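Quick heads-up: it's one chain on its own, the form deposited in one PDB entry, in structure tokens.
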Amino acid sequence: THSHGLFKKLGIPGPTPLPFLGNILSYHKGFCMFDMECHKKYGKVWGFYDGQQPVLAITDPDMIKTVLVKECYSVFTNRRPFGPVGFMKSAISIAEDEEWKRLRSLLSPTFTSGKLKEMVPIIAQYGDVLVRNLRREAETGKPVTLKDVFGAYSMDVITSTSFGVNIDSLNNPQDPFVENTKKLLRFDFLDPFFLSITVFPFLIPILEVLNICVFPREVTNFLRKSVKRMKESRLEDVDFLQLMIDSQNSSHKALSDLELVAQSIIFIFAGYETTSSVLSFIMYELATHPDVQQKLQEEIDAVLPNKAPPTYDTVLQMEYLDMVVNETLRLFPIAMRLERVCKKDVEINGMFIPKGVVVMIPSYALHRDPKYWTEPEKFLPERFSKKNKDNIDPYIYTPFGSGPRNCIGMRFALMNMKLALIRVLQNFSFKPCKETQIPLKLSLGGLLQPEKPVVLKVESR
């Protein structure tokens, strides 16, 4: 209990921390639930201890804007440290302060709406590959596991948009380029290893000296040379790698070759498990709400008659599609929490925040708060219609974060997912099976994933 008396001093409420452990025994239900209960017992602001690390939760919308936007560069610039990360210290999502601001500048033009429009015909091709692999499992006439057919598509989109490799991953389950990227899995921070790091942060330097890394030494070594091969095989003869190779031919130093590999890995990590997981939560909400699934299939047939191919402009045209995606992200925000490290002794919105405190925003707990959402746990896509979309505080619904450090690929991800939904709904309908978990139970761990894999019926239109 070295720093366990800080919140009691400031008068901030919170649960009682055990020595050394702090409040980590409360994670037995998961992040999403320890947050909802704390929002209940204590109100708009409270605190707790991840081991000896004090964490200050905030739920006031005006106070959130100061953290994420206003005092972002001056105060709350970096995320909660974690390791050992090895060379992935150069990834944008991990870099801090000034190294981060240089990386955010060198990679921001990579994610403009102009570059995204040139990636659309490439991503659309794997929508067609997604249909043929789903039509073979539809004539199978038995339940189809979503995260396998969506994982194959998300894998396909990543390998092509980031490196230019074009593989049918579902029909090439043993390709070298596919074998490595499947070993990249989302970090479970309530799992044994990362919990020990939370209680023993002093062990992080020991692991760094042993070259141990949370990113496996082999998948990283496979890409560190694949890039340097492609940087010397494409050279000389619209992928993320090309845009980064173009960037180092000009804040204010060019992207290094190892920094190039770091961002490529972070893009694969980001677009792989997120795209396939969100697409799973959407089809579960459509199969259990056939009214929604039918209405969306009709909007798709109006913009794209004769099962016409979707384009960049035809996708941004659909609004009920954007309503369904936003509503699913409300009930299942894959981030759950937003966090920033306080680097100074500052006073925001009338409250003293000392240096070293981790400020946290419980996104999951705010997405299901009745103070802003009518019938929160119900899947009602009408909240985001242009009639009611104005009653939504942009600092309560933050699926992609907010401020200068929000998700840099928010819009590649939306385009990637909407293109998949359109082609899938132009050829199939989705019914619930007997083994379909209803209602869906979230995993008690540190990931926003279903307890049991989603299984649905798939029929051909």
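Residues carry their position along the shown sequence, with the first being 1. Only residues modelled in both forms are compared. Heads up, when I say rigid core I mean the largest set of C-alphas that superpose within 1.5 Å between the two forms.
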Exercise for the section: Say whether residue 250, which has coordinates in the shown structure, is without coordinates in a third or more of the other compared entries. Expected result: yes
Problem - Other compared entries missing residue 291, a third or more - result: no
Exercise for the section: Mind giving me a quick count class for deposited residues absent from the model between residue 250 and residue 251? Options are none, 1 to 3, 4 to 9, 10 or more. Expected result: 4 to 9
Exercise for the section: Identify the stretch, either 372 to 380 or 89 to 97, whose C-alpha atoms have the larger mean B-factor according to the entry. Expected result: 372 to 380
Handout entry: Mean Cα B-factor comparison, 199 to 207 or 301 to 309, giving the higher one as deposited
Key = 301 to 309
Practice task
Have a look at 339, 246, 322, 156 and flag the one whose Cα has the highest B-factor in the entry.
Solution key: 246
Fill in the blank from the handout: For 160, 77, 112, 226, the deposited C-alpha B-factor is largest at 226
Completion exercise
residue 291: C-alpha B-factor third of its chain, per the entry, is the highest
Fill in the blank from the handout: residue 395: CA temperature factor from the record, placed by chain third, in the middle
Practice task
Please place residue 412 in the lowest, middle or highest third of its chain by C-alpha B factor as given in the entry.
Solution key: lowest
Handout entry: Third of the chain, ranked by Cα B-factor, where residue 16 sits
Key = middle
Practice task
Sorting the chain's modelled residues by C-alpha B-factor, tell me whether residue 176 ends up in the lowest, middle or highest third.
Solution key: highest
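Same protein, other form: the form deposited in another entry, not shown, and the subject of what follows.
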Exercise for the section: Using the rigid core as the fixed frame, list which single one of 381, 151, 271, 83 shifts its Cα by at least 2 angstroms between this form and the one not shown. Expected result: 83
Problem - Core-aligned C-alpha movement of residue 313 between this form and the one not shown, 2 Å or more - result: no
Practice task
For residue 165, decide whether the Cα shift between this form and the one not shown is 2 Å or greater, given a superposition on the rigid core.
Solution key: no
Practice task
Using a rigid core alignment, state whether the CA of residue 371 is displaced by 2 Å or more between this form and the one not shown.
Solution key: no
Exercise for the section: Fit the two forms on the core and write out the ranges of at least 3 consecutive residues whose every CA moves by 2 Å or more between this form and the one not shown. Expected result: 83 to 85, 188 to 191, 213 to 218
